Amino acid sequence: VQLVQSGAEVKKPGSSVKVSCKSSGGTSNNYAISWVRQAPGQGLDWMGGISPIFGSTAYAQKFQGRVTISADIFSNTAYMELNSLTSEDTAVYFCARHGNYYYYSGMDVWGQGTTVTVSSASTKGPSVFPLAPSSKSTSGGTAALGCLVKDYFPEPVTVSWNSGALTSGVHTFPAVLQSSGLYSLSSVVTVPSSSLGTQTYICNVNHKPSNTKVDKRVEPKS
């Protein structure tokens, strides 16, 4: 048996989110189901549970009056609806099935998780800035070249170097979500310093949600 959850969600502050959990490979109605969330870098947090056989639902105190857990007994799907969303609600939401009718039992089958992002931002392509070294190129020596992919929404953006020809020394870092509600990330390629006099380095940034493709030439300056 597998628990399958609905896809990632982006929501505005004050709005509601409804995450779905289906048991594929037969009914999960005879067992308790819990919703557990995990805010980035934080631990597991129980939101509440439902046990349809008893027609009972329970909620963590901290979410009482804000979350509604339900089960469509006919379709074999459980749901979690969270209202009045703020940025503190940005997290991965898991459904998980207990081993029996009760919330005390181990949760032995977990859904894959659903990322919910709460942001007042709308779709926006990144500004891209070149990041150049000036004492890195010593002596020598390798040098770190980068491109800053600033203030985009929503995820995700892809980055390559020299239209894909350059893979050695590339590290693209995971995005930060800033308190503004927009993302930024950076890609760096480490190159031999000597190559900076003969080779051109260009970062190619593609942001599909906004149909933005940007090419930036990165080149130590002055």
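So that there is no doubt, residue numbering starts at 1 and follows the sequence shown.
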So 44 to 52 or 173 to 181, which one's hotter by mean CA B-factor in the entry?
173 to 181
Stretch with higher mean Cα temperature factor, 5 to 13 vs 203 to 211, is 203 to 211
Residue set 149, 95, 132, 85, per-entry CA B-factor max assigned to 132
Among 113, 126, 140, 106, where is the Cα temperature factor highest, going by the PDB entry?
140
Quick one: classify residue 29 as lowest, middle or highest third of the chain based on its Cα B-factor.
highest
Based on the entry's values, in what third of the chain does the Cα temperature factor of residue 90 lie: lowest, middle or highest?
lowest
For residue 35, the third of its chain by CA B-factor is the lowest
Mind checking which third residue 121 falls in for C-alpha B-factor across the chain?
highest
By the entry's values, the third containing the CA B factor of residue 78 is the lowest
